[PDB]
Asks: 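This structure is in structure tokens; I'll ask about it shortly.
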Amino acid sequence: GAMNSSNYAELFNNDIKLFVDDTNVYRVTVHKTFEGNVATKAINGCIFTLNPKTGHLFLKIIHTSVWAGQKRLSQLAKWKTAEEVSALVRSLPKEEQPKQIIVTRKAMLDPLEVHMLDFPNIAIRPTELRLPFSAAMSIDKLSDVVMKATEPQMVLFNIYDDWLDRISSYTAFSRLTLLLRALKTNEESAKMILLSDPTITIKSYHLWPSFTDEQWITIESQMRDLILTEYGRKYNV
Amino acid sequence: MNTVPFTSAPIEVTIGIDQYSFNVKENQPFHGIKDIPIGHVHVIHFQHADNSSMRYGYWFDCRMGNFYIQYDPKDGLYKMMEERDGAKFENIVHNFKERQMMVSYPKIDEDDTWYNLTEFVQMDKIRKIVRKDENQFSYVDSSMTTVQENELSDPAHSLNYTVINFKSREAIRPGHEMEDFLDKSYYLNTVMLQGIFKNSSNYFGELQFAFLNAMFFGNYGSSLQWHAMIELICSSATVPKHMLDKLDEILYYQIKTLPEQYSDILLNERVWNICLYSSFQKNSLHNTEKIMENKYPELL
């Protein structure tokens, strides 16, 4: 059944599972036409498929050519996501295939279920958590590889950098979702927090800066400050 | 016009014959039902006064044999039996008619309701859904489960309706996942009509039989099957025109006949609203949509 605050440590046990987020698959800019009507122009998107235990991110880039000549694109986007996730699973060795796939939006359940009929033993699950994976395109290196793609492409990352050398996967996921929630609520301020000090750099093979344990406590504190302020602003409280 | 005599009526019981029903008192001098129209299947069904649970009954066709009812005090129900001695049967029935101890099947001449509810229903197909091959008639009751229910437990006492499942490899062609899930025409026309049922008459017969078991016995798996067969057609973009016109007539008479007080359990809100207002066939069921809106507007 659905994933929530009550079964949260299940994410960090030793059964392989993946989160699938489809919120950045079909992306558009809305604009005016010469006649003063409105039109969309698609831009490149991505499927965010994440192993929360290991940090392994399977970023399938969705090139705008996949939408050419297609109708009902927001509906197609869900089935395209499910097709690509199913293709990924089929490409993995059996001992690497997930036992569960958790979708961040309930509208992905039937598309993924139908595409995974061949895998009756893989559980497809929703979640009650409001996870901030839509903010993945606020991570500069992920945004950069999606926007430069000239064709469909899969790119593999570890979204935790080297954190698991020092912290547990529960703690790594907590840090990730705190960073992403910040980027989602106020991208400019969040990004200022992360880079203000120019002596802390991002390694070429990493996504986030090379903070010490102490600097991560400061950073994490600054992100929680950001999120609460914005919340008082949002809600005048 | 044929006759189903009763040996006796030892327990107080409401007896149904098709869409009609009569109350019989304990040890009342009741000896059966006469003037039953030839040419149709029929169902004779029972609800004991002391146990309004377990509605049960028998599907039969008088062209297939001479049938009668006899109460069994050990198993505690009215049982259908076949009499193979035709002279013994004629002689028994003639005496009971002479003594006017039978109710008459009470059909109004103008009335085509039963024909319209059973148009495509054939005894030989009933007997493949209800497997008990030593009898010519078929027992059904409120509690019997369907083969598909058993997959989600006694196989001899099951309703072997055709399994329909929209998220199944049978229903979804590899590589046409989205196409086949959103437009079920493949599954309707190739898998079910051409493959399993052979023609739309057999499809409609099973749909009609499922409805009647739902209505007369409150059989929940039958109600599921009826709605699934409706939904498969309504969710197909490509349906032969004659099938849609016939479906409209079929459903109209089913909705017309349903007890007003049973609409809350026997009608699935989601299926009906989808079929009449969201589906490919939303504009193809004029008679059904009109009676639904005037009789059960709350459901919609």
Side-chain angles (χ1 to χ4, degrees), chain A residues 109-110 113-114 117, chain B residues 43 45 53-57 59 117-118 120-121 125-131 138-151 154-172 181 184 187-188 191-193 196-197 200 202-236 247 250-255 257-259 261-279 281 285 288 292 296 299-300:
Chain A
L109 290 168
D110 277 353
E113 174 169 357
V114 169
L117 291 173
Chain B
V43 59
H45 43 112
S53 297
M54 187 196 49
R55 280 174 273 162
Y56 65 96
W59 290 93
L117 292 171
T118 62
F120 301 98
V121 181
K125 301 308 205 312
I126 291 181
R127 300 185 68 231
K128 302 173 198 308
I129 295 163
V130 190
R131 311 195 157 290
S138 304
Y139 170 93
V140 181
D141 67 31
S142 301
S143 76
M144 284 167 50
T145 55
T146 67
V147 160
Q148 162 173 67
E149 282 182 313
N150 294 336
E151 301 158 5
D154 183 23
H157 215 54
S158 284
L159 295 168
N160 306 274
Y161 293 120
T162 293
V163 176
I164 300 179
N165 174 6
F166 297 138
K167 294 195 282 187
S168 76
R169 174 54 68 224
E170 296 57 61
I172 303 291
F181 187 73
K184 316 207 184 278
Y187 190 34
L188 175 62
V191 176
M192 288 282 166
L193 288 175
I196 297 187
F197 286 97
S200 60
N202 293 337
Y203 191 101
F204 285 146
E206 186 173 328
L207 184 157
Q208 288 184 313
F209 182 58
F211 171 78
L212 291 164
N213 284 327
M215 184 175 54
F216 289 127
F217 305 112
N219 189 270
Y220 175 79
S222 297
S223 183
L224 288 179
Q225 183 68 15
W226 177 54
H227 286 93
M229 296 186 79
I230 295 173
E231 186 170 3
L232 175 56
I233 291 171
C234 292
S235 297
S236 297
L247 181 64
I250 284 165
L251 300 178
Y252 171 85
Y253 283 104
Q254 290 171 340
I255 295 304
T257 304
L258 269 183
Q261 305 298 325
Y262 287 52
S263 38
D264 43 314
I265 52 184
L266 288 175
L267 297 172
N268 186 283
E269 189 175 69
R270 179 194 64 89
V271 170
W272 283 99
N273 276 276
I274 275 57
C275 291
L276 295 182
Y277 304 125
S278 331
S279 74
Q281 303 307 341
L285 302 178
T288 291
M292 279 289 287
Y296 299 120
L299 194 96
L300 323 156

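Below, chain A is the first sequence line, B the second, and so on; all start at residue 1. Values below: every heavy atom of this structure, side chains too, minus hydrogens, waters and symmetry copies.
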Asks: What class does the angle between the rings of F204(B) and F120(B) fall in, given that below 30° is parallel, 30 to 60° is tilted and above 60° is perpendicular?
Replies: tilted

Asks: With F209(B), which of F217(B), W59(B), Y203(B) fulfils ring-ring contact (aromatic ring centres under 6.0 Å, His included)?
Replies: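 When ring-ring contact (aromatic ring centres under 6.0 Å, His included) is applied between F209(B) and each of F217(B), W59(B), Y203(B), only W59(B) qualifies.
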
Asks: Taking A171(B)'s backbone N and O only, do any of them form a donor-acceptor pair with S168(B)'s side chain (distance below 3.5 Å, no angle check)?
Replies: yes

Asks: So that I know where these two stand, are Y296(B) and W272(B) an aromatic pair - ring centroids less than 6.0 Å apart?
Replies: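 No, ring centres 6.0 Å or more apart.
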
Asks: Indicate the atoms forming the closest heavy-atom contact of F216(B) with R55(B), along with that distance.
Replies: O-NH1, 3.1 Å

Asks: For a quick test of reading the model, state the closest non-hydrogen atom pair linking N219(B) to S142(B) and the distance between them.
Replies: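 Scanning both residues completely, I find the closest heavy atoms to be ND2-O, 3.4 Å.
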
Asks: Would you kindly say whether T162(B) and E206(B) are connected by a side-chain donor-acceptor distance under 3.5 Å?
Replies: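 Yes.
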
Asks: Taking the side chain as C-beta and beyond, is there a heavy-atom pair between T118(B) and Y253(B) under 4.5 Å?
Replies: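 Heavy-atom side-chain distance check fails, nothing below 4.5 Å.
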
Asks: Please confirm whether the backbone N or O of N165(B) pairs with a side-chain atom of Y187(B), one donor and one acceptor, at under 3.5 Å?
Replies: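 Checked: pair present.
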
Asks: Are there more than 12 heavy atoms of other residues, nucleotides or ligands under 6.0 Å from atom OH of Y220(B)?
Replies: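 Atom OH in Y220(B) is not crowded, with 12 or fewer foreign heavy atoms closer than 6.0 Å.
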
Asks: Would you indicate whether the side-chain heavy atoms of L299(B) and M292(B) approach each other to under 4.5 Å?
Replies: yes

Asks: For the backbone of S138(B) and the side chain of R127(B), can you confirm whether one donor and one acceptor N or O come within less than 3.5 Å of each other?
Replies: no

Asks: Is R270(B) reaching over with its side chain to a backbone N or O of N273(B), donor-acceptor style, under 3.5 angstrom?
Replies: no

Asks: Treating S158(B) as the side-chain partner and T146(B) as the backbone partner, does any N or O pair qualify as donor plus acceptor under 3.5 Å?
Replies: no

Asks: Assess, by modelled atom type and distance only, whether the side chains of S222(B) and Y161(B) contain a donor and an acceptor separated by less than 3.5 Å.
Replies: yes

Asks: With a 4.5 Å cut-off on side-chain heavy atoms, are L232(B) and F166(B) touching?
Replies: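 Yes, side chains in contact.
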
Asks: Quick one: does any side-chain atom of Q281(B) pair with a main-chain N or O of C275(B) as donor and acceptor, under 3.5 Å?
Replies: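 No.
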
Asks: Any chance NZ of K167(B) has more than 12 other-residue heavy atoms, nucleotides or ligands included, within less than 6.0 Å?
Replies: yes

